[PDB]
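If you read the sequence shown in the deposited numbering, its first letter stands for residue 1, the second for the next number, and so on.
The structure under discussion appears below in the form of structure tokens.
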Amino acid sequence: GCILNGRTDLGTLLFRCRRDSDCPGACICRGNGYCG
Numbered sequence: 001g002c003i004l005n006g007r008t009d010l011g012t013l014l015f016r017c018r019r020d021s022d023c024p025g026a027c028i029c030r031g032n033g034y035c036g
């Protein structure tokens with residue numbers, strides 16, 4: 001889905017996005033509880 005130096009949909013980042021930092025590409029840590 002995304003890709004630009006980061007943890008695009010990973011194990012821990014799988015949810016509760018610890019921070020938008022885990023979302024390099026379009027993906028981003030939103031209230032949804034993940035780098036959506």
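Ideal Cβ placement from N, Cα and C applies to all residues, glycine included.
query: Apart from the five residues just before and just after residue 33, which ones in its own chain have a Cβ nearer than 8 Å to its Cβ?
result: One-based indexing of the sequence shown puts residue 33 at position 33. Once the five neighbours on either side are set aside, the close Cβ partners of residue 33 are 15, 16 and 17.
query: For residue 30, which beta-bridge partners are listed by DSSP?
result: The sequence position of residue 30 within the sequence shown is 30, counting from 1. The partner list for residue 30 (beta bridge, DSSP) reads 34.
- request: Check the C-beta distance from residue 4 over to residue 31 and give it rounded, since I have them as a contact under 8 Å.
  value: Walking along the sequence shown from the start, residue 4 turns up at place 4. Walking along the sequence shown from the start, residue 31 turns up at place 31. With a Cβ gap of about 22 Å, residue 4 and residue 31 do not count as contacting.
- prompt: By how many angstroms is the C-alpha of residue 7 removed from the C-alpha of residue 21?
  reply: By 1-based counting over the sequence shown, the position of residue 21 is 21. By 1-based counting over the sequence shown, the position of residue 7 is 7. Their backbone Cα atoms lie some 8 Å apart in a straight line.
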